[PDB]
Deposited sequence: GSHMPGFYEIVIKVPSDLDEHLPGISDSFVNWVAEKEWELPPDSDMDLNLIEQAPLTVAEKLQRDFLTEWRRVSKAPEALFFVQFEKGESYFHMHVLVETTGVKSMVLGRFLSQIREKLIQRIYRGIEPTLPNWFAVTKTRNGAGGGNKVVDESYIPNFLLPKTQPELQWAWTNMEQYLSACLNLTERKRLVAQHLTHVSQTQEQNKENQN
């Protein structure tokens, strides 16, 4: 049961959108669910609002092309350094590596149309599948589930902004630092 990784960068500005009027980005207030132990004040809501649409729309489209509704996914939204970015992990089922690119460009175009009103973002490499090499000419990387505990779960605030999954073992972990800490230590095994 392997995963492809797509990294999607998210800015702080957007089209259309402006603070002087009502828009879909600014109108959304976010709340942590009861079972979260995170600090809402370190979570930047406008970028999170955009991220949520992007991953929701990504997975809707993904399910169309893969013909696998119920495909397993783990999505984590992060604040770098330079850019906000989302790691999207999506199960390979229904999408042979040979054919991922032609499908991801359909999804990429759809996201531009719907979220960005037809205007491609100017962020440098804003929609990028993870390859087996740093340079040109590698294969689309397939990572197994252990990527999540090894690389995603350890992230803490404010780098960690939000996460989403339909994987049972990680539902609790998405927004719980203590549960993240537990699965990380339980994975060293």
Coverage holes, deposited numbering, ordered by position, sit at 1-4, 20-23, 198-211
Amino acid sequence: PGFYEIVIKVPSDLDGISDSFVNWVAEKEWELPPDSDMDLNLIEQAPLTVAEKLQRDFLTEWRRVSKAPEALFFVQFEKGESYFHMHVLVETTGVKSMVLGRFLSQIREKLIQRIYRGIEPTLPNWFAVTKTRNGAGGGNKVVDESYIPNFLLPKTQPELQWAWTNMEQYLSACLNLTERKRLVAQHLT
From here on, numbers count along this sequence of modelled residues.
Is the mean CA B factor in the deposited entry higher across 96-104 or across 112-120?
112-120
Looking only at C-alpha temperature factors in the entry, 4-12 or 179-187, the higher average sits in 179-187
Just grab whichever of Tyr147, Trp62, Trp126, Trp30 has the top CA B-factor as deposited.
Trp30
Using the B-factors in the PDB entry, rank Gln157's C-alpha atom against the chain and give the third, lowest, middle or highest.
highest
What third of its chain, lowest, middle or highest, does the C-alpha temperature factor of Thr130 fall into?
lowest
Chain-relative CA temperature factor third for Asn41:
highest
Ranked by Cα temperature factor within the chain, is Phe73 in the lowest third, the middle third or the highest third?
lowest
Split into thirds by Cα B-factor across the chain's modelled residues, where does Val25 land: lowest, middle or highest?
lowest
